[PDB]
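Below you'll find only one chain, the form deposited in one PDB entry, shown as structure tokens.
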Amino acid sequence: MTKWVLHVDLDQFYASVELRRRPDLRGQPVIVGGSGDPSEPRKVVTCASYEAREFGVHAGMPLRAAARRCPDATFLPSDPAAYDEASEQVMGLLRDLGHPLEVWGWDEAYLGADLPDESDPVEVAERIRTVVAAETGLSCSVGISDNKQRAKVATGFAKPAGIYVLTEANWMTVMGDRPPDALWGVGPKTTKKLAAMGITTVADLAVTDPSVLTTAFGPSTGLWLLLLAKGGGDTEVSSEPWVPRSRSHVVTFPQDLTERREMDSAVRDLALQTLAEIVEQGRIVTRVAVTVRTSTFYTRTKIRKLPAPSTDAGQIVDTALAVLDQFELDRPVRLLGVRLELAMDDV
């Protein structure tokens, strides 16, 4: 009788996984990134525990910066296979509730629920938090609404370890005075372009004439931003499996490369690694992109389409190296990367 979308987001996800094996660290600053050595150059924070975030540490910070901003933190190496495994357990549990479940990356999911009168979406969200914790030792937060975008926005108010409802009744009261980048997919550059037209809040955006937004942003985007400002969004939760569009690997080197021999050999090794992973997942490559970053932090990406979709190793390597060859490589190289775009024709 009442249709709800619940958005589950795991709490301090990488840190919470680490905390399962180190329960003595609960309540203490913990910082996941690199190899656990905070003096290591060219490594950053992947996840800071809530306690560490109070010192201003946050994902993407250099570990040496972080250690200097939270000297008593315990530094743990990033363990991806453990986060992957913990994700799968989380999705596998959420699926068994008998509601449509749309997974998004490792640590989020949307759930669609049509509730009779006797129930209450808040109490469905508490049994989600309870089932997850009991079975997996992970805490999560749950935002509630009638569309995905607004539920996801609610989840930021539910953090940490909580539940929050955001609907047409409180959308204006709660987020009207907030800047437009409180909305999903509006960031700093859209914000700046909005500020230029005199729009500095959600409520201001919500009442903007459509043709100002359609002229500035396109006839479908401009209306979408209106919709977002008014608290609307996607209402369908599809259980259909996500098909990745690409896969990539990049490596920042412990010291910058100057031998071209080594740059080639690294791109060749990244192309081979990425290809074997997509072939294992049953995929076919369509385009091949190479990324190069110098010691300047000068970074560019070039891409080329295969004549036809293929999985051929010798062809994809030659293509990547060919694309590599289109860069002037007269500066030391800090990073190299390869990305393989993938066919989405027939699964």
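Sequential numbering from 1, following the sequence displayed. Rigid core (definition): largest C-alpha set, two forms, superposition within 1.5 Å.
Only in words, not in the display: the form deposited in another entry, which the text now covers.
Enquirer: Just one of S238, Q273, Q255, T200 has a C-alpha that shifts by 2 Å or more between the shown form and the other one on a rigid core fit; which is it?
Expert: Meeting the 2 Å or more criterion is only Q255.
Enquirer: Does the C-alpha of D24 move 2 Å or more between the shown form and the other one once the rigid core is lined up?
Expert: Shift of 2 Å or more: no.
Enquirer: Once you overlay the rigid core, does the Cα of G98 travel 2 Å or further between the shown form and the other one?
Expert: No, the C-alpha position differs by under 2 Å between the shown form and the other one.
Enquirer: Once the core is aligned, please say if the CA of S295 is shifted by at least 2 angstroms between the shown form and the other one.
Expert: Yes, the C-alpha moves 2 Å or more.
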